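Participant:
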Amino acid sequence: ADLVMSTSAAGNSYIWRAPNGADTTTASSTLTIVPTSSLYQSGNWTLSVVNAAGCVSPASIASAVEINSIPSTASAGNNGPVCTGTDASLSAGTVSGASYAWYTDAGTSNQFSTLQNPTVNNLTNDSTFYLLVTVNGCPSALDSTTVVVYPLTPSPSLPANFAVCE
Amino acid sequence: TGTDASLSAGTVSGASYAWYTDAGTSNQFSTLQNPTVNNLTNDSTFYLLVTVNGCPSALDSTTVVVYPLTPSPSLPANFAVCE
């Protein structure tokens, strides 16, 4: 994600100091760092400004930036084939402390559940479900699963109505 | 032959697990400690990497051996008896 830092301070030019000493400038009160850059680094950032007389302000109190990694995905699946009309359950792998979120659509707007292994009610067809796993606020890609519904059992066949003598 | 199977891996301190369908670990199979395997009809093999603090630990192949098909039992040919 882009790293965005800004001030409200007035100045003619703004001086941005990276934790590792990298030092850049801009005319704007807002600096955006695109993550290809040598400045896309975590740690304590400081700012100082320079006015029209060429005078540089004291540096600001550092603001920490915490760049989090993107977690790996959880294994995801379900209990296996389900008889048409009955209940089923989903399954997700355990990772270190993380929240789980299941969605009813690939576009994760319709929240299904927040459980590690939620159940699914009344499957009559091959509904799919989508899993996100979030650690320290960072979601881990997305994992689709399909619960396969077995075909309906055909009726057994008996002889036609008949009669016998005593 | 024809049924399901499961894989197994030892527990180590916090580590991620990754199983591959090939020695060249480009085709991700699963990320579970002990994932299942569906429909084995032959001796498929699987490959395990274990990663700690970003460092993968060599590679470990396993083979799930599939038993040979049960032969059909043999009965006498069609026959008849009197009441």
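Chains A and B, in that order, are what the protein sequence lines are.
Taking the deposited numbering, I'd label the letters of the first sequence as residues 1746 to 1911.
Taking the deposited numbering, I'd label the letters of the second sequence as residues 1829 to 1911.
Ideal Cβ placement from N, Cα and C applies to all residues, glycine included.
(1) Do the CB positions of residue 1876 (chain B) and residue 1837 (chain B) come within less than 8 Å of each other?
(2) Measuring CA to CA, which of A:1855, A:1827, A:1787 is closest to residue 1717 (chain A)?
(3) DSSP state of residue 1961 (chain A), grouped into three classes?
(4) Taking DSSP's pairing of strands, which residues face residue 1749 (chain A) in a bridge?
(5) Can you name the residues of chain B whose CB is closer than 8 Å to the CB of residue 1820 (chain A)?
(6) Got a sec? Which residues, its chain only, sit under 7 Å from residue 1796 (chain A) by beta carbon, not counting five neighbours each side?
(7) Assign residue 1887 (chain B) to one of three DSSP states: helix, strand, or coil.
(8) Have a look at A:1801, A:1858, A:1815 and flag the residue whose alpha-carbon is nearest the alpha-carbon of residue 1880 (chain A).
(9) Does the stretch 1829-1849 of chain B come into contact with the stretch 1883-1903 of chain A, if we say contact requires no fewer than three beta-carbon pairs (one atom in each stretch) closer than 8 Å?
(10) Under 8 Å Cβ-Cβ, which residues of chain A neighbour residue 1842 (chain B)?
(11) Quick one: give me the first and last residue of the beta strand (DSSP E) that residue 1760 (chain A) is part of.
(12) Starting from residue 1794 (chain A), follow the beta strand (DSSP E) in both directions and report where the run begins and ends.
Facilitator: Per the coordinate set shown:
(1) Their beta carbons are under 8 Å apart, which means residue 1876 (chain B) touches residue 1837 (chain B) by this criterion.
(2) This structure cannot speak to residue 1717 (chain A), because chain A is shown only from 1746 to 1911.
(3) Outside the displayed span of chain A (1746 to 1911) sits residue 1961 (chain A), for which this structure offers no information.
(4) Residue pairing by DSSP puts residue 1749 (chain A) in a beta bridge opposite A:1777.
(5) Residues of chain B passing the Cβ test: 1858, 1859, 1860, 1863.
(6) Contacts found: 1756, 1757.
(7) Coil at residue 1887 (chain B), not helix or strand.
(8) The residue with the shortest Cα to Cα distance from residue 1880 (chain A) is A:1815.
(9) Contact fails: fewer than three Cβ-Cβ distances are below 8 Å.
(10) In chain order: 1841.
(11) Segment 1758-1762, the beta strand (DSSP E) holding residue 1760 (chain A).
(12) Segment 1788-1795, the beta strand (DSSP E) holding residue 1794 (chain A).
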